[PDB]
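Colleague: What follows is a structure written as structure tokens; I'll ask about it next.
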Amino acid sequence: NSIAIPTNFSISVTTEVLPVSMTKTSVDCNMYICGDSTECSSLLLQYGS
Amino acid sequence: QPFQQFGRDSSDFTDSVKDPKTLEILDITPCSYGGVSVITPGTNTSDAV
Ligand SMILES: *[C@@H]1O[C@H](CO)[C@@H](O[C@@H]2O[C@H](CO)[C@@H](O[C@@H]3O[C@H](CO)[C@@H](O)[C@H](O)[C@@H]3O)[C@H](O)[C@H]2NC(C)=O)[C@H](O)[C@H]1NC(C)=O
Ligand SMILES: *[C@@H]1O[C@H](CO)[C@@H](O[C@@H]2O[C@H](CO)[C@@H](O[C@@H]3O[C@H](CO)[C@@H](O)[C@H](O)[C@@H]3O)[C@H](O)[C@H]2NC(C)=O)[C@H](O)[C@H]1NC(C)=O
Ligand SMILES: *[C@@H]1O[C@H](CO)[C@@H](O)[C@H](O)[C@H]1NC(C)=O
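Residue numbers (the deposited numbering), protein chains in the order written: chain B, 693 to 741; chain C, 548 to 596.
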């Protein structure tokens with residue numbers, strides 16, 4: 693038989709953070725593998741794609 | 548320091564060396580360092596890049 697009714701109000705501001713993107717990178721095989729080596733470059737070419 | 552002939556690195560890549568004839572340290576840097584990108588409009592379109 694009872695009921696509670698608020699009589700006052702308040703304004704509150706909250707924050708929220710969401711990631712949207714990350715960094716972009718590129719990799720070169722001929723430089724990371726067989727750095728400045730013609731024989732190793734030929735071997736890597738023979739290895740496959 | 549003395550008793551040194553080669554310059555190592557965290558990635559085991561040579562960067563410095565001592566000349567046995569002039570007794571002075573040198574530096575090693577790969578012939579290719581930067582990145583190169585090429586913009587093309589398509590094979591049918593043209594050949595200028
Ligand atoms: C419930 O809501 C009522 C309004 O519907 C609030 O009453 C009034 O609230 C304001 C808030 O800024 C009070 O103003 C302040 O009053 C004194 C003046 O000396 C001082 O603290 C500040 O410079 C500011 O002006 C206002 O006095 C107040 N009125 C009464 C009659 O109290 C009430 O505060 C709300 N209740 C709660 C618990 O927040
Ligand atoms: C072989 O290695 C020896 C050390 O074992 C080096 O000896 C050095 O020889 C050079 C030759 O150019 C000398 O330099 C010269 O010194 C004076 C400076 O006033 C002058 O004659 C020339 O302008 C030149 O700079 C150097 O002093 C000498 N070192 C010594 C005596 O401690 C030599 O580099 C190597 N031999 C060659 C490259 O023929
Ligand atoms: C390039 O141009 C020719 C010209 O007739 C066209 O038929 C062909 O489909 C085009 N090629 C590509 C890959 O779009």
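Beta carbons: idealized from backbone N, C-alpha and C, even for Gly.
Rounded to the nearest angstrom, how far is the Cβ of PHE553 of chain C from that of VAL564 of chain C, given a contact under 8 angstroms?
Modeller: Contact flag correct, Cβ pair sits at about 6 angstroms.
Colleague: Do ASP720 of chain B and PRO577 of chain C have their CB atoms nearer than 8 angstroms?
Modeller: no
Colleague: Residues bridged to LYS565 of chain C by DSSP?
Modeller: DSSP output for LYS565 of chain C lists C:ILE572 as bridge partner(s).
Colleague: Among residues of its own chain, excluding the 5 on either side of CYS732 of chain B, which ones have a beta-carbon nearer than 6 angstroms to its beta-carbon?
Modeller: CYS726
Colleague: Using a cut-off of 9 angstroms between C-beta atoms, extract the partners of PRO577 of chain C located in chain B.
Modeller: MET723, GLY727, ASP728
Colleague: Taking the C-alpha atoms as reference points, what is the distance between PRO711 of chain B and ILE703 of chain B?
Modeller: 27 angstroms
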